[PDB]
Structure formats: C-alpha cells, structure tokens
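Student: Below: one structure in structure tokens.
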Amino acid sequence: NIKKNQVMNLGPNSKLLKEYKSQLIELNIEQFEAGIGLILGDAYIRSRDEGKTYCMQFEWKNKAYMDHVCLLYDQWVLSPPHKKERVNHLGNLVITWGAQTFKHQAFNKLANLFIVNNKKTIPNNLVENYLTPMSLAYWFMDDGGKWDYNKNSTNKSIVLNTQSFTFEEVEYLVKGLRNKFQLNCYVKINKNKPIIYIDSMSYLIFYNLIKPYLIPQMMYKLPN
DNA sequence: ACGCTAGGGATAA
DNA sequence: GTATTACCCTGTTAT
DNA sequence: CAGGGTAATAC
DNA sequence: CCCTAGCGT
Ligand SMILES: [Mn+2]
Ligand SMILES: [Mn+2]
Ligand SMILES: [Mn+2]
Ligand SMILES: [Mn+2]
Numbered sequence: 008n009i010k011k012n013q014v015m016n017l018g019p020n021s022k023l024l025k026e027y028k029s030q031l032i033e034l035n036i037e038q039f040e041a042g043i044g045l046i047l048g049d050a051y052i053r054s055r056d057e058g059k060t061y062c063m064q065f066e067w068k069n070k071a072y073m074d075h076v077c078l079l080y081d082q083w084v085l086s087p088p089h090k091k092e093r094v095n096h097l098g099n100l101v102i103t104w105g106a107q108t109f110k111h112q113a114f115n116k117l118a119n120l121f122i123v124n125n126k127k128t129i130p131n132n133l134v135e136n137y138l139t140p141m142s143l144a145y146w147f148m149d150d151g152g153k154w155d156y157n158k159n160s161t162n163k164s165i166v167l168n169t170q171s172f173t174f175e176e177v178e179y180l181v182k183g184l185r186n187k188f189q190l191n192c193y194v195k196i197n198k199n200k201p202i203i204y205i206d207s208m209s210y211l212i213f214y215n216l217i218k219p220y221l222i223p224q225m226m227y228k229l230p231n
C-alpha cells in the first residue's frame with residue numbers, strides 16, 4: 008500500500024504517484040462543503056484537459072489560513088506552500104502564499120457545479136441543494152467582510168464580495184440565503200458589480216452559523 | 001462632533 | 001521523440 | 001484569481 | 001477587501 012510520505016517527492020508523472028491517487032475516490036464531506044465556499048470565494052478550480060479532471064489552486068496572504076486549508080486537503084496536497092514574493096508596478100513588495108492540489112477525477116463533482124463556459128458560474132438552487140453552514144464560513148473567510156470599517160462602529164452588518172459574478176447569478180445566491188437560512192440580506196453595488204449586503208438584523212443568525220467553523224486568525228474580519 | 005455611505009486604491013487575490 | 005503534470009511563474013484586476 | 005511554462009518520469 | 005472624504009444629524 009502507498010502513503011503520501013513516499014510520493015510527495017517523486018516526479019509529477021511517476022507511476023508510484025499515479026497509483027497513490029487511484030486509492031482516493033471522493034472528497035470527504037468536509038472537503039466538499041468547504042470547497043463550495045472556497046470556490047465562491049478565493050479558490051481557482053482549473054482543468055488543463057477539457058474537464059476530465061480538475062485541480063484547485065490556492066493563494067492567500069494569511070499563512071495561517073493557507074496552512075489550515077492545506078491541512079484540510081491533507082491527502083490531496085503534496086507540498087507545503089510556496090511563499091511568493093512579488094513586485095508590483097509601483098515598486099512595492101507583496102507577500103503571498105501559494106499552493107495546489109494535484110488534479111483528480113474527484114474534483115469534478117465540485118467543478119461541474121460552477122464551471123460551464125470554462126468560466127466560474129453560479130447555477131440556480133446551488134445554495135439550496137449544496138451550500139451548508141460550513142461552506143458559508145469559508146465563503147466569509149475568503150470574500151466576506153465588514154460593512155462599517157470605521158472603528159467604534161456598533162454596526163454588525165456584513166458584506167460578501169461577489170463582484171466576480173453577474174447580477175443575475177448573485178441574485179440567485181441571495182434568494183438562497185434568504186430562504187434557507189432566513190438571513191435578511193440583499194444585493195448592493197460596488198464598482199458597478201454586485202455584493203451581498205447582509206443586514207445587521209441577522210448577524211445573530213449569520214454568526215451562529217459560521218462560528219463553529221471559523222479559525223482563530225480569521226476573527227479580525229467580523230464586527231465586535 | 002459623530003454615524004453613515006459610496007467612491008476609489010493597492011493589494012490579495 | 002511525445003505524453004504527462006505538479007510546482008512554480010507571471011498577467012491582471014475586482015477585492 | 002487565472003493561465004502559461006517547465007522540469008521530471010514514462011514510453 | 002479595505003479605507004475615508006464628505007454629507008447629514
Ligand atoms: Mn471571490
Ligand atoms: Mn480572501
Ligand atoms: Mn477574494
Ligand atoms: Mn479577483
């Protein structure tokens with residue numbers, strides 16, 4: 008039998024590796040529900056071969072979140088993360104962390120929910136049928152945020168920065184959240200692209216939904 | 001003075 | 001030589 | 001967030 | 001995602 012131990016160094020196309028993968032069949036219901044959220048948020052899910060198999064690319068600033076995600080995809084990630092030191096068009100140094108799963112036929116069940124055009128997409132009823140509270144957490148940790156950023160703000164209102172999507176797509180996400188969790192929310196706008204504003208009248212309900220799953224280094228994102 | 005938005009910047013995707 | 005593919009790399013901007 | 005490129009096995 | 005200049009109490 009094969010352990011990640013003995014494959015995590017071998018060349019990409021190596022037979023031992025490819026046999027490693029053939030043991031894994033699907034994604035445990037944690038890795039799956041988290042990925043609905045990670046993909047709504049900050050994760051790249053890509054297919055270099057026409058959808059026969061997808062992988063997941065990661066990039067974040069927060070080495071703790073990065074480390075935590077990797078520990079959740081323990082089986083699917085082979086290497087600890089590659090610190091990326093980049094220089095932007097203003098001579099400024101930016102420090103991110105990067106990583107990736109290997110491709111596997113198991114990541115399609117995720118992919119086919121979003122990727123159509125070869126472009127990330129939201130289908131109707133996605134939230135009803137798959138989004139769960141654990142999903143909602145990683146969505147928040149990735150793209151979520153304050154409405155009111157002035158300190159001394161007693162405001163408890165939350166925004167989910169969905170500017171990647173079409174207004175029609177984001178509208179469907181909203182109907183879902185509204186029906187399925189009973190959150191008082193609704194779409195606003197920012198740079199002419201949609202965001203989901205959750206009214207503070209439900210930061211009770213939204214918080215108790217995502218507090219079970221929220222990692223510590225990501226607590227600086229909430230209100231107070 | 002001080003709570004609130006919407007406009008907009010420099011990353012953190 | 002072709003096929004393959006995880007790790008990196010940069011392009012680029014909506015977050 | 002999204003694509004490109006290559007070095008490392010396998011044939 | 002986050003900050004902040006400006007209107008409105
Ligand atoms: Mn996003
Ligand atoms: Mn994020
Ligand atoms: Mn994001
Ligand atoms: Mn983006």
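Read in order, the letters of the first sequence are residues 8 to 231 in our numbering. By construction, the Cβ of each residue, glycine as well, lies at the ideal position given by its N, Cα and C atoms.
1) Which whole runs of the beta strand (DSSP E) in the segment 25 to 75 are 3 residues long or more, in chain order?
2) Smallest Cα separation from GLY18: which of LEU229, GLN64, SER86?
3) Whole angstroms are fine: how far does the CA of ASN215 sit from the CA of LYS116?
4) Please determine, among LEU34, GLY58, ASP56, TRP67, the residue with the shortest C-alpha to C-alpha distance to residue 2.
5) Excluding the five sequence neighbours on either side, which residues of its own chain have a C-beta within less than 6 Å of the C-beta of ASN231, listed in chain order?
6) Of the residues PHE213, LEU138, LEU229, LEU97, which one's Cα is nearest the Cα of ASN157?
7) Quick check: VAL134 and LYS218, are their CB atoms within less than 8 Å of each other?
8) Which of the three DSSP states, helix, strand or coil, is assigned to residue 284?
9) Looking at C-beta atoms only, is the number of pairs between the segment 160 to 179 and the segment 94 to 112 that lie closer than 8 Å three or more?
Tutor: Well, looking at it:
1) Listed in chain order, they are 51 to 53, 62 to 67.
2) Nearest of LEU229, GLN64, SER86 to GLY18, Cα basis: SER86.
3) Note on geometry: alpha-carbon atoms of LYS116 and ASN215 lie some 28 Å from one another.
4) The requested residue 2 does not occur in the structure, where the chain is confined to residues 8 to 231.
5) If we look at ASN231 and ignore the five residues flanking it on each side, it has no Cβ neighbours.
6) The shortest Cα separation from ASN157 among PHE213, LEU138, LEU229, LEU97 belongs to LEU229.
7) No, they are not a contact pair.
8) Here the chain has residues from 8 to 231 only, and residue 284 is not among them.
9) Counting Cβ pairs under 8 Å, fewer than three are found: no touch.
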